[PDB]
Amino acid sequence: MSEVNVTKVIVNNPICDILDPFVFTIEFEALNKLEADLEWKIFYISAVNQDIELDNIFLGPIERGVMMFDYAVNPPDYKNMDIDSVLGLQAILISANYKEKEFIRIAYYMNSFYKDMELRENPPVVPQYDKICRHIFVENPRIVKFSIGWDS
């Protein structure tokens, strides 16, 4: 039923400071030309409280064939977030949409923690976001596909 198959997702900087942008290399194959653009979104998932949309971009026109692209998005504003959405188990999710309907989601768990062990053992009362790093679990993508309408 799906007109588009996602063939690759590369997490380019799986271990980095949390202030660094998320960078993905994404490959997909269109089985048919589509009249409209594909919409790719990135979501930050907290405290595994609501999901934060990091960015959304449109790609088109969509011809039959394979396309691979780089997608860099900025991190959310950790200063205005619950500390549990900053330190601990989080997730990052790629969402693909057509005509405002999601047809696949790919998410990766990630652990966020202070890089230096003493601050891990004794976290300060005021967080120091410049010394926190995320570790994305690239070997375990969580995928769900959805039946949507396309052009017919």
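Just count from 1 along the sequence shown to find any residue number.
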item	value
Residues of the deposited sequence that sit between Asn49 and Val48 yet are not modelled	4 to 9
Stretch exceeding the other in mean C-alpha B-factor - 38-46, 58-66	58-66
Stretch exceeding the other in mean C-alpha B-factor - 112-120, 86-94	112-120
Position of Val126 among the chain's modelled residues by C-alpha B-factor, lowest, middle or highest third	highest
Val6 CA temperature factor, ranked by third within the chain	lowest
